[PDB]
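For neighbour counting, all protein chains shown are included, and Cβ atoms are generated from backbone atoms with ideal geometry for every residue, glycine included. Rule-based calculations on the coordinates, nothing more; no lab input.
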Amino acid sequence: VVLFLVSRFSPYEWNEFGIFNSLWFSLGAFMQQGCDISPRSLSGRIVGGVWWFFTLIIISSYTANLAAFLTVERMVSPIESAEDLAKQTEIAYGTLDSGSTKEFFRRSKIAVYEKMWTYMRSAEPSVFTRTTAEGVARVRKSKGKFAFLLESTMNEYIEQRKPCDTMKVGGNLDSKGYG
Amino acid sequence: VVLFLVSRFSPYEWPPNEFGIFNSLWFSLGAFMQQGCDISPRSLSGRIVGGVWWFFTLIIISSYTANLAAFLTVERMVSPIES
Amino acid sequence: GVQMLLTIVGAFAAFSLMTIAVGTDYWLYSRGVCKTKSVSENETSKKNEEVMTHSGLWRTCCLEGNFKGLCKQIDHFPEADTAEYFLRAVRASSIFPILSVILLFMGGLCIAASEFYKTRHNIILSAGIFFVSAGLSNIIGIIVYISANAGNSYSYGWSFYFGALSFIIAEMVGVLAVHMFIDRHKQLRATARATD
Amino acid sequence: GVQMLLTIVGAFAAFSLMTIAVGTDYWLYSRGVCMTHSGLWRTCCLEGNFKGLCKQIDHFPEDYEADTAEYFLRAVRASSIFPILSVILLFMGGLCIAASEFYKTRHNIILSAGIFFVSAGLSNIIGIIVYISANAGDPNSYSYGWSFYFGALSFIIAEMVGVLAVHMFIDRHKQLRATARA
Amino acid sequence: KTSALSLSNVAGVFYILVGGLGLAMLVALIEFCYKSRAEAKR
Ligand SMILES: CCCCCCCC/C=C/CCCCCCCC(=O)OC[C@H](O)CO
Ligand SMILES: NS(=O)(=O)c1cc2c(cc1Cl)N[C@H]([C@H]1C[C@H]3C=C[C@@H]1C3)NS2(=O)=O
Ligand SMILES: CCCCCCCCCCCCCCCC(=O)O
Ligand SMILES: CCCCCCCCCCCCCCCC(=O)O
Ligand SMILES: CCCCCCCCCCCCCCCC(=O)O
Ligand SMILES: CCCCCCCCCCCCCCCC(=O)O
Ligand SMILES: CCCCCCCCCCCCCCCC(=O)O
Ligand SMILES: CCCCCCCCCCCCCCCC(=O)O
Ligand SMILES: *C(=O)CCCCCCCCCCCCCCC
Ligand SMILES: N[C@@H](CCC(=O)O)C(=O)O
Ligand SMILES: [Ca+2]
């Protein structure tokens, strides 16, 4: 608009830099291509000089790592925090029956921790598993529609072992230890 | 072919431009190579074809040059077992 | 007749869209707190709870929770150099977003005055400069607003998109205003040549 | 005319090559189940215990999650709309050329044919891209067969025919100006 | 390692290009239909 304005507003000059030819000139400069018309006036050349400098800085930065952004397979997750489980209902989750990761839900007064328990009780078929590896394996076969809740150390062990199809999301919710 | 089609088919313009079947190939080739001279499309339909071709060229050429840097800078790869 | 008509509609639309954007606090949807939080820990337990927010340029407010419908003034000078002081001063003062509103208003007067002093032609040109200048001021305001907010997810609101939409309309009016100035002189020169 | 004849021959070659490529099974040579000469619709067997057994490819295999952008790529792939749409447009182009001979007065049927052939070529590009993109989302060596190149060749023929139809449209409209010059 | 670009990683720019060519032909034809109809009246 400015290039068209400066090159045509003056009645004492009556260039080919109309409104539509100005759009083409600016587009050609940014695309790193050539022009068919070039301004012949001081005001017009200032507009075309700062637009070439702007183009140079912007096209150099963009082309820096264009291939890297095109060849990156970023690791995306469905959920990050425990709060996500409460807010949805599609995926499921449970805990090791007769365990210390279960009693922590029943005896907690926190809103998030009380809500998740509610979802568990009325979850047919039951989500609790009598043995550890009966849950972690059911997760693998569930097509992603289950999230086990187990301690950090075990989840790190069952994360480096093949088939590495399981992983950890977010950080711990409580700090405790064995004895 | 599209650039030639939209620039010559209409009989309500007659040769309105130099964009024949032979100069369209030359224009497209120059644009892709990041060279170019002589003629640029002046009709609305022709400008659209040139604009997308310029956009297409910018991504492909930049991707080639950016990726070629990695090939020229391949770091020495080593087998898994290294001790 | 149909070109002047569009200019008046465009000028009114662009001016209305920009003043609404300045006056409505729905520029950004992010996470934050509303209460001053510096209440000398009178209640203490009622610590700042991070809730969905809809900030603006002058005042923030809460979008959910127990504090819903509570607002607050945005502290742009929290508790250094020449690159993080002038930028915040511009952002705090919002000179450019306000300047864009002023220029659009000034341009409207020139269009309004272009139906009384029809013999004068530089009035229409002055309007074109104001509408183009207003668009350039709207660019700076958007850049400053985004740059300051970079000082973790967010989503720009309708108010942000009203100023952006105002820039496009203002630039279109500027082109239409310059084209009227160009056409006027062409007619004036054509008639003068015919008389010669 | 000589130019007209080459257009008629080109139209029938492009239609035949595109039609064959759709119906054939030697688009790709890859290792899997049924060396396998995978096709556009059904994959078959090569050197092995089975050598003729063919099976309809499962374009929606369950292994996870179906991204909404990945669900629409596999829908276009599975239905091969673009390769089929390339055949239809080439067929329409042939009819328009034939219809021109019967009338020879309209002049707007020779342009219509040119649009179809150019449009047919553009559809074939999409079909090629969709076919390659879908395969690249699966697993360490592969090579395309003659069926794939028959579709690629048909694109070149179709575009060449499209140019001829436009040139005939231009030429016929030039003669009218000369006749209307006196 | 240093991987080579695949058509999947660039097919997006191919769909815009084909879309632009189709749009350009549509624009040209629309202006053709307008002039052709107008010429009949005149
Ligand atoms: C840098 C990012 C840019 C993003 C945005 C890209 C699009 C910009 C539009 C350009 C106008 C091109 C077309 C101009 C057509 C001028 C000619 C015209 O309208 O018609 C005259 C002709 O003689 C009879 O039609
Ligand atoms: N969050 S923290 O690191 O300050 C932290 C660290 C720890 C906490 C509690 C907290 Cl809040 N409790 C545990 C305790 C709970 C029972 C298990 C281990 C001891 C006895 N010790 S710890 O692991 O040292
Ligand atoms: C004429 C020159 C420009 C040619 C067309 C350029 C189109 C740019 C890319 C298409 C719009 C994409 C919008 C973002 C969508 C998304 O992120 O999901
Ligand atoms: C002759 C007219 C010139 C008009 C120049 C307008 C633009 C000036 C700069 C605007 C932004 C001010 C600087 C903010 C950023 C910073 O310094 O931190
Ligand atoms: C601080 C930045 C201000 C930007 C906006 C200022 C616009 C000024 C417009 C003046 C137009 C003058 C045109 C007529 C001149 C004349 O009488 O010859
Ligand atoms: C105006 C006509 C245009 C015709 C060409 C447009 C083609 C658009 C893309 C078609 C195939 C898209 C396949 C899915 C892509 C994806 O979401 O990954
Ligand atoms: C996807 C391919 C679509 C192909 C569409 C072909 C259109 C051909 C148009 C030929 C010109 C028709 C002009 C008629 C004008 C009129 O009489 O009103
Ligand atoms: C100047 C002309 C520009 C033409 C722009 C045409 C845009 C075509 C876009 C095709 C998108 C294909 C479908 C992708 C769907 C998705 O993954 O979101
Ligand atoms: C006058 O108004 C004529 C209208 C003609 C409309 C049809 C033209 C379609 C051109 C675009 C075709 C794009 C094909 C892309 C591959 C399928
Ligand atoms: N370590 C806990 C069990 C951990 C779990 O169930 O995830 C216990 O001894 O009860
Ligand atoms: Ca480089």
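Note on C:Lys118: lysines with a C-alpha under 18 Å away, same-chain residues under 8 apart excluded, are C:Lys186. Nearest 0.05, what FRET efficiency do C:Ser155 and B:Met33 give at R0 = 56 Å with Cβ-Cβ as r? Computed FRET efficiency for C:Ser155 and B:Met33: 0.85. Between chain E and segment A:138-179, the alpha-carbon centres lie 50 Å apart. Across segment D:121-134, rounded Karplus estimates of 3J(HN,Hα) from the backbone phi angles (6.51 cos²θ - 1.76 cosθ + 1.60, θ = phi - 60°) give x, 5, 5, 4, 4, 5, x, 5, 5, 4, 4, 5, 4, 4 Hz, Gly and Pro being marked x.
Distances over 21 Å make up what percent of all Cα-Cα pairs in segment B:14-83? In whole percent, the long-distance tail amounts to 46. Each helix, a run of at least 4 DSSP H residues, gives -39500 (n - 2.57); summed and divided by the residues of chain C, these come to -20500 deg cm²/dmol at 222 nm. For segment A:87-140, the relative contact order works out to 43 percent when only alpha carbon pairs closer than 8 Å and six or more residues apart are counted.
Quote the FRET efficiency, to the nearest 0.05, computed for A:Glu159 versus D:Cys54 with a Förster distance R0 of 56 Å and r equal to the Cβ-Cβ distance. It comes out at approximately 0.85. Excluding same-chain neighbours fewer than eight residues apart, the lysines reachable from D:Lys174 by a Cα-Cα span under 21 Å are D:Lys104, E:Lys35.
Computed over the protein assembly as shown, the Cα gyration tensor eigenvalues convert (square root of 5λ each) into semi-axes of 53, 46, 22 Å, ordered from largest to smallest.
Using 0.36 nm per residue and subtracting the Cα-Cα separation, the extra length available between C:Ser93 and C:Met106 on full extension is 2.6 nm.
A simple spin-label model places pseudo-atoms 7 Å from Cα toward Cβ; at E:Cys33 and D:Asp171 they are separated by 2.9 nm.
The radius of gyration of the Cα set in segment C:28-180, together with its Dmax, comes out at 20.4, 72 angstrom. Counting neighbouring beta carbons within 10 Å and listing from fewest to most, the residues B:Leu5, A:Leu70, C:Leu103 come out as A:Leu70, C:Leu103, B:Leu5. Along the axis of the charge dipole computed for the protein assembly as shown (Cβ charges of +1 for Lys and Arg, -1 for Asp and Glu, origin at the Cα centre), the listed residues A:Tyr62, C:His121, D:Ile57 are led at the positive end by C:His121.
Summarising the amide proton neighbourhood of C:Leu28: residues at separation of 5 or more, or on other chains, whose placed amide H is nearer than 5 Å comprise C:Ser55, C:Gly157.
Here the spin labels are modelled as points 7 Å beyond Cα on the Cα-Cβ line, and at B:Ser83 and B:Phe71 they lie 3.5 nm apart.
A DSSP coil position with no more than 15 other Cβ atoms inside 10 Å describes the following chymotrypsin sites (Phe, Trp or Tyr not before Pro) in segment C:3-73: C:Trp58. Annotation: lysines with alpha-carbon distance below 28 angstrom to D:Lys55 (same-chain offsets under eight excluded): A:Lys141, A:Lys143. Looking at the protein assembly as shown, the DSSP beta bridges with both ends there are about 85 percent antiparallel. The calculated 222 nm mean residue ellipticity attributable to helices in chain A amounts to -14000 deg cm²/dmol, summing -39500 (n - 2.57) over DSSP H runs of n ≥ 4 and dividing by all residues. Taking the centroid of alpha carbons for each part, segment D:75-104 and segment B:36-52 are 29 Å apart. Residue order for C:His121, C:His179, fewest other beta carbons within 10 angstrom first, comes to C:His121, C:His179. For A:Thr95, nonlocal amide neighbours, meaning residues 5 or more places apart or on other chains whose placed amide H falls under 5 Å from its own, are A:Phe128, A:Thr129.
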